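Pasted below: target_10.txt, compact mmCIF, C-alpha atoms.
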# COMPACT_ATOMS: atom_id res chain seq x y z
CA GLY A 19 0.00 0.00 0.00
CA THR A 20 0.85 3.70 -0.22
CA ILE A 21 -0.42 6.60 1.91
CA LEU A 22 -1.75 9.34 -0.38
CA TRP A 23 -2.57 11.72 2.46
CA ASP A 24 -1.97 11.59 6.20
CA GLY A 25 -4.50 13.21 8.52
CA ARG A 26 -3.19 11.66 11.73
CA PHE A 27 -1.91 15.04 13.07
CA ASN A 28 1.58 13.56 13.72
CA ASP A 29 3.41 16.70 12.62
CA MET A 30 1.23 18.96 14.76
CA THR A 31 2.01 19.90 18.34
CA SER A 32 -1.56 21.03 19.06
CA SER A 33 -4.78 21.95 17.25
CA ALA A 34 -3.54 25.55 17.13
CA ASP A 35 -1.60 24.48 14.07
CA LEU A 36 -4.90 24.29 12.20
CA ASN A 37 -4.89 28.10 12.26
CA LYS A 38 -1.95 28.13 9.87
CA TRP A 39 -4.24 27.21 6.96
CA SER A 40 -6.06 30.02 5.15
CA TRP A 41 -7.54 30.41 1.67
CA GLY A 42 -4.53 32.48 0.65
CA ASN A 43 -2.03 30.06 2.22
CA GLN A 44 -3.32 26.49 2.00
CA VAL A 45 -0.59 24.78 4.02
CA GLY A 46 -0.66 21.77 6.31
CA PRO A 47 -2.75 18.57 6.04
CA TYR A 48 -6.20 20.08 6.72
CA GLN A 49 -8.37 22.92 5.48
CA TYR A 50 -9.95 24.53 8.55
CA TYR A 51 -12.91 26.80 7.84
CA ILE A 52 -16.17 24.90 8.48
CA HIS A 53 -16.60 25.94 12.09
CA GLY A 54 -18.39 28.43 14.33
CA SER A 55 -17.49 31.84 15.71
CA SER A 56 -15.22 30.59 18.53
CA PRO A 57 -11.42 29.92 18.47
CA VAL A 58 -10.21 26.49 17.39
CA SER A 59 -9.69 25.24 20.98
CA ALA A 60 -13.47 25.37 21.44
CA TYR A 61 -13.91 22.82 18.65
CA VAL A 62 -10.76 20.73 18.18
CA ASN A 63 -8.24 19.54 20.76
CA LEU A 64 -5.51 16.95 20.41
CA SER A 65 -4.29 14.49 23.02
CA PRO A 66 -2.74 11.04 23.30
CA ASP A 67 -5.77 10.31 25.48
CA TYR A 68 -8.13 10.94 22.58
CA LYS A 69 -7.01 8.15 20.21
CA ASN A 70 -7.57 4.43 19.81
CA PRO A 71 -4.86 3.07 22.17
CA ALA A 72 -4.12 0.23 19.72
CA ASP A 73 -3.23 2.68 16.93
CA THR A 74 0.47 3.14 17.44
CA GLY A 75 0.55 4.95 14.12
CA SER A 76 -1.22 7.97 15.64
CA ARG A 77 0.53 9.99 18.35
CA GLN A 78 -2.53 11.99 19.31
CA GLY A 79 -6.26 11.74 18.63
CA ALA A 80 -8.60 14.67 18.21
CA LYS A 81 -11.61 15.60 20.29
CA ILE A 82 -14.03 17.31 17.95
CA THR A 83 -16.72 19.30 19.74
CA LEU A 84 -20.09 20.83 18.87
CA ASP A 85 -21.10 23.54 21.36
CA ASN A 86 -23.63 26.38 21.36
CA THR A 87 -21.52 28.35 18.86
CA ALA A 88 -20.80 25.57 16.34
CA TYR A 89 -22.73 27.11 13.45
CA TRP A 90 -21.09 27.90 10.11
CA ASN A 91 -22.20 30.52 7.57
CA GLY A 92 -25.56 31.21 9.25
CA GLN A 93 -26.77 27.61 8.80
CA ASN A 94 -29.14 25.93 11.27
CA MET A 95 -27.14 22.68 11.59
CA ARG A 96 -24.13 22.43 13.95
CA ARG A 97 -20.84 21.59 12.25
CA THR A 98 -17.15 21.18 13.09
CA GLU A 99 -15.34 19.70 10.12
CA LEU A 100 -11.84 19.43 8.67
CA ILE A 101 -11.24 18.67 4.97
CA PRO A 102 -8.05 17.06 3.55
CA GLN A 103 -5.64 19.64 2.07
CA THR A 104 -3.87 17.66 -0.64
CA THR A 105 -2.85 17.42 -4.31
CA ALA A 106 -2.94 13.62 -4.24
CA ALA A 107 -5.46 11.77 -6.46
CA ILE A 108 -7.67 10.74 -3.57
CA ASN A 109 -10.79 10.80 -5.80
CA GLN A 110 -9.72 8.64 -8.74
CA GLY A 111 -9.53 4.86 -9.04
CA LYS A 112 -9.70 2.61 -6.01
CA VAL A 113 -8.95 4.47 -2.78
CA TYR A 114 -9.40 3.50 0.92
CA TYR A 115 -10.52 6.22 3.36
CA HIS A 116 -9.54 5.40 6.95
CA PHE A 117 -10.69 6.79 10.30
CA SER A 118 -11.41 5.66 13.84
CA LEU A 119 -14.25 7.13 15.90
CA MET A 120 -15.39 6.90 19.54
CA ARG A 121 -17.89 8.63 21.83
CA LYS A 122 -18.05 8.65 25.65
CA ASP A 123 -20.99 9.02 28.03
CA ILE A 124 -19.87 12.59 28.96
CA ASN A 125 -21.05 15.07 26.34
CA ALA A 126 -22.43 12.09 24.39
CA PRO A 127 -23.94 12.93 21.03
CA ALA A 128 -27.70 13.49 21.26
CA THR A 129 -29.55 10.33 20.14
CA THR A 130 -32.58 12.52 19.43
CA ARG A 131 -30.90 14.30 16.54
CA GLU A 132 -29.45 13.15 13.27
CA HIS A 133 -25.67 13.31 12.87
CA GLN A 134 -23.79 12.94 9.55
CA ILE A 135 -20.18 11.88 10.10
CA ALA A 136 -17.09 11.51 7.87
CA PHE A 137 -19.27 12.43 4.89
CA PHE A 138 -18.54 13.50 1.33
CA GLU A 139 -20.12 16.74 0.08
CA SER A 140 -22.69 14.86 -2.07
CA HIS A 141 -23.27 12.48 0.84
CA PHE A 142 -22.77 9.47 -1.48
CA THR A 143 -21.39 7.76 1.61
CA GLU A 144 -21.08 8.67 5.30
CA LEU A 145 -21.83 7.40 8.80
CA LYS A 146 -24.98 8.56 10.60
CA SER A 147 -26.18 8.39 14.17
CA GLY A 148 -29.25 9.47 16.08
CA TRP A 149 -32.97 9.72 15.37
CA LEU A 150 -33.27 9.99 11.60
CA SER A 151 -36.94 9.66 10.66
CA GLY A 152 -40.23 8.20 11.80
CA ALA A 153 -40.93 7.53 15.43
CA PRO A 154 -38.10 7.56 17.94
CA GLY A 155 -36.97 4.12 18.93
CA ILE A 156 -34.26 1.54 19.38
CA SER A 157 -32.72 2.53 16.04
CA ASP A 158 -31.73 5.95 17.36
CA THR A 159 -28.80 4.54 19.35
CA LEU A 160 -27.21 2.96 16.29
CA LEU A 161 -24.12 4.03 14.37
CA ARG A 162 -24.87 3.42 10.67
CA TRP A 163 -22.96 3.30 7.41
CA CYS A 164 -25.03 4.76 4.58
CA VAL A 165 -24.66 4.79 0.81
CA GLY A 166 -26.84 7.26 -1.10
CA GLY A 167 -28.66 7.91 2.16
CA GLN A 168 -29.70 4.26 2.59
CA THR A 169 -28.45 2.36 5.64
CA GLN A 170 -26.33 -0.64 4.66
CA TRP A 171 -24.88 -1.63 8.04
CA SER A 172 -25.38 -0.56 11.65
CA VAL A 173 -24.37 -1.39 15.20
CA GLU A 174 -25.31 -0.21 18.70
CA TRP A 175 -22.99 2.76 19.39
CA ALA A 176 -21.62 1.99 22.85
CA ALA A 177 -19.55 4.37 24.95
CA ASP A 178 -15.74 4.09 24.96
CA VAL A 179 -15.64 1.67 22.04
CA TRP A 180 -13.32 2.58 19.17
CA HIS A 181 -14.82 1.99 15.71
CA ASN A 182 -12.21 1.65 12.99
CA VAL A 183 -13.51 2.14 9.46
CA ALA A 184 -12.24 2.15 5.90
CA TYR A 185 -14.48 3.17 2.98
CA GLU A 186 -13.34 1.13 -0.06
CA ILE A 187 -14.21 3.51 -2.87
CA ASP A 188 -13.89 2.74 -6.57
CA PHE A 189 -14.39 6.14 -8.18
CA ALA A 190 -14.24 4.63 -11.66
CA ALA A 191 -16.87 1.93 -11.03
CA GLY A 192 -18.92 4.14 -8.75
CA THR A 193 -19.01 1.65 -5.87
CA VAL A 194 -18.28 1.84 -2.14
CA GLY A 195 -17.51 -1.04 0.21
CA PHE A 196 -17.27 -0.97 4.00
CA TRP A 197 -14.46 -2.30 6.19
CA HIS A 198 -14.77 -2.13 9.98
CA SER A 199 -13.55 -3.43 13.31
CA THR A 200 -13.76 -2.35 16.92
CA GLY A 201 -10.81 -1.90 19.27
CA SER A 202 -7.57 -3.63 18.31
CA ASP A 203 -9.02 -6.10 15.82
CA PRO A 204 -7.99 -5.90 12.11
CA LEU A 205 -10.50 -4.40 9.62
CA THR A 206 -12.69 -6.94 7.79
CA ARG A 207 -15.08 -6.24 4.96
CA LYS A 208 -18.57 -6.12 6.34
CA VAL A 209 -20.41 -4.91 3.21
CA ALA A 210 -19.39 -5.66 -0.38
CA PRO A 211 -19.19 -2.64 -2.73
CA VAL A 212 -22.54 -0.92 -3.25
CA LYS A 213 -23.31 1.14 -6.39
CA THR A 214 -24.04 4.88 -6.14
CA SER A 215 -23.04 8.21 -7.77
CA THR A 216 -19.49 8.79 -6.52
CA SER A 217 -19.04 12.16 -8.31
CA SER A 218 -16.14 13.62 -6.34
CA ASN A 219 -14.38 16.79 -5.29
CA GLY A 220 -12.02 19.53 -5.59
CA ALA A 221 -11.63 18.55 -1.85
CA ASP A 222 -14.87 17.34 -0.31
CA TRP A 223 -14.46 14.72 2.41
CA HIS A 224 -15.64 16.17 5.71
CA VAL A 225 -13.74 14.69 8.62
CA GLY A 226 -15.96 15.73 11.45
CA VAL A 227 -19.62 16.01 12.32
CA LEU A 228 -22.80 17.74 11.19
CA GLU A 229 -25.82 17.64 13.51
CA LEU A 230 -29.33 18.49 12.27
CA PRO A 231 -31.71 20.39 14.57
CA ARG A 232 -34.91 18.74 15.88
CA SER A 233 -37.88 20.58 17.33
CA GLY A 234 -37.76 20.52 21.13
CA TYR A 235 -34.11 19.51 21.55
CA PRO A 236 -31.76 22.25 22.76
CA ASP A 237 -28.04 22.22 22.00
CA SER A 238 -25.80 20.55 24.59
CA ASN A 239 -22.03 20.04 24.22
CA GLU A 240 -21.19 16.91 22.24
CA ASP A 241 -17.73 15.41 21.91
CA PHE A 242 -16.50 13.02 19.21
CA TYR A 243 -13.05 11.37 19.37
CA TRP A 244 -11.03 10.61 16.24
CA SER A 245 -7.71 8.99 15.33
CA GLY A 246 -6.06 7.15 12.46
CA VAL A 247 -7.46 9.32 9.70
CA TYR A 248 -5.65 8.78 6.39
CA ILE A 249 -6.17 7.87 2.73
CA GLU A 250 -4.26 5.15 0.86
CA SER A 251 -4.23 3.43 -2.50
CA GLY A 252 -3.23 -0.02 -3.77
CA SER A 253 -3.72 -2.56 -0.98
CA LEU A 254 -5.72 -1.99 2.19
CA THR A 255 -3.89 -1.82 5.47
CA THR A 256 -6.18 -3.81 7.79
CA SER A 257 -4.09 -3.23 10.93
CA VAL A 258 -5.54 -0.46 13.07
CA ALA A 259 -1.99 0.73 13.88
CA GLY A 260 -1.52 1.76 10.23
CA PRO A 261 1.22 1.12 7.62
CA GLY A 262 4.78 0.60 8.84
CA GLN A 263 3.71 -0.18 12.41
CA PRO A 264 3.85 -3.61 14.04
CA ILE A 265 0.47 -5.38 13.80
CA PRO A 266 -1.31 -5.12 17.18
CA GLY A 267 -3.36 -8.23 16.55

Using structure tokens, write down the structure from this file.
Amino acid sequence: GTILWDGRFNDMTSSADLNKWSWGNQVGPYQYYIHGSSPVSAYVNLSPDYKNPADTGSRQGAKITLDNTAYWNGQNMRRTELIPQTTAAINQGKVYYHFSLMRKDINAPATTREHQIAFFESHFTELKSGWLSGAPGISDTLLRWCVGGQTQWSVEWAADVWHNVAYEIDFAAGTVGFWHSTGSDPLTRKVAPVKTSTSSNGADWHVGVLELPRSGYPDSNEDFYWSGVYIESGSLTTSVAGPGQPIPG
């Protein structure tokens, strides 16, 4: 395999480095602009305590937060998102998009509201959580993998569990497959490639979270933990510790 882009934050000392990126000076691994009126430390913080402990390939993980000010461009949905800053061909051919995600019981995401996570701008694929449609119910506590808006896989989203994911995207065939594991276990393919319109970017993968409003549910702080975010081509690294690291097991 070969890493096309590395979003593991390994060259950053803290999230303050995100402030180096600007439209006039697009440096670093991430474009940082889809966020609210507060400083970056209100929305993104890095720490070794915020990553999947089995991922020795990531020095620090990132706590991404939605708070009362997490509104971008006058929209009514809360968002805190980072987009890959790269010249690599991450949207052509077969490409694997990696990331690990975890929530805790403190500042847990609201199960009463829909969340769109690690999504592309056209939403051809993404993860979702929370109450989506219909009556509220047992499905609201699920973490789901969607293709074209349709759920293709889901699991109960438990606190403190690290979910490791890789989207297997064939931009030429217009298909997306789903690889997943929890904790230290190696990724396995849980859903074979599904067809959909994969029309892609300039730069359009949103590493972060978007939360829709829902009548009667006030904003409360919500924290999402991320680590091991990167994009590779040719050969999928199934080890959660990433390429060039000893396999955890």

TODO: Go through A:182, A:31, A:263, A:125 one by one, measure the shortest atom-to-atom distance of each to residue A:85 using all atoms listed in the file, and give the residue with the smallest value.
DONE: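 Selected residue with least distance to residue A:85: A:125.
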
Considering only C-alpha atoms, tabulate each residue of stretch 110-212 of chain A that lies at most 12 Å from stretch 66-69 of chain A along with its nearest interatomic pair and the corresponding distance in Å to one decimal; arrange the rows by chain and ascending residue number and present them as JSON lines.
{"residue": "A:117", "atom": "CA", "partner": "A:69", "partner_atom": "CA", "distance": 10.7}
{"residue": "A:118", "atom": "CA", "partner": "A:69", "partner_atom": "CA", "distance": 8.1}
{"residue": "A:119", "atom": "CA", "partner": "A:69", "partner_atom": "CA", "distance": 8.5}
{"residue": "A:120", "atom": "CA", "partner": "A:69", "partner_atom": "CA", "distance": 8.5}
{"residue": "A:121", "atom": "CA", "partner": "A:68", "partner_atom": "CA", "distance": 10.1}
{"residue": "A:122", "atom": "CA", "partner": "A:68", "partner_atom": "CA", "distance": 10.6}
{"residue": "A:178", "atom": "CA", "partner": "A:68", "partner_atom": "CA", "distance": 10.5}
{"residue": "A:179", "atom": "CA", "partner": "A:69", "partner_atom": "CA", "distance": 10.9}
{"residue": "A:180", "atom": "CA", "partner": "A:69", "partner_atom": "CA", "distance": 8.5}
{"residue": "A:181", "atom": "CA", "partner": "A:69", "partner_atom": "CA", "distance": 10.9}
{"residue": "A:182", "atom": "CA", "partner": "A:69", "partner_atom": "CA", "distance": 11.0}
{"residue": "A:201", "atom": "CA", "partner": "A:69", "partner_atom": "CA", "distance": 10.8}
{"residue": "A:202", "atom": "CA", "partner": "A:69", "partner_atom": "CA", "distance": 11.9}

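As for atom CA of residue A:256 and atom CA of residue A:183, they are spaced 9.6 Å apart.
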
Task: Point-to-point distance in Å for atom CA of residue A:103 and atom CA of residue A:47 - done: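 The value is 5.0 Å.
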
TODO: Quick one: everything within 9 Å of residue A:114, counting all atoms listed in the file, minus sequence neighbours fewer than 4 positions away in the same chain. Send it as a PyMOL selection string.
DONE: chain A and resi 108+184-188+248-255

Task: From A:264, A:226, A:195, A:246, residue lying nearest residue A:165 [only C-alpha atoms] - done: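 For residue A:165, the nearest of the given residues is A:195.
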
Task: Straight-line distance linking atom CA of residue A:82 with atom CA of residue A:141, stated in Å to one decimal - done: 20.0 Å

TODO: Please provide the set of residues having any atom within 12 Å of residue A:49, restricted to only C-alpha atoms, with same-chain residues fewer than 6 positions apart removed, written as a list in words.
DONE: residues 25, 35, 36, 37, 38, 39, 40, 41, 42, 43, 98, 99, 100, 101, 102, 103, 104, 221, 222, 223, 224 and 225 of chain A

- [ ] Counting all atoms listed in the file, figure out which residue out of A:236, A:111, A:54, A:71 gets nearest to residue A:87.
- [x] A:54

- [ ] Using all atoms listed in the file, collect all residues at a distance of at most 12 Å from (-14.5, 4.9, -9.7) as written in the file, then present them as a PyMOL selection string.
- [x] chain A and resi 107-114+186-195+211-218

Task: Using all atoms listed in the file: which of A:78, A:203, A:149, A:21 has the shortest distance to residue A:267 - done: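 Answer, going by the shortest atom-to-atom distance: A:203.
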
Task: Shortest interatomic distance to residue A:220 - which of A:138, A:61, A:197, A:171, counting all atoms listed in the file - done: A:138
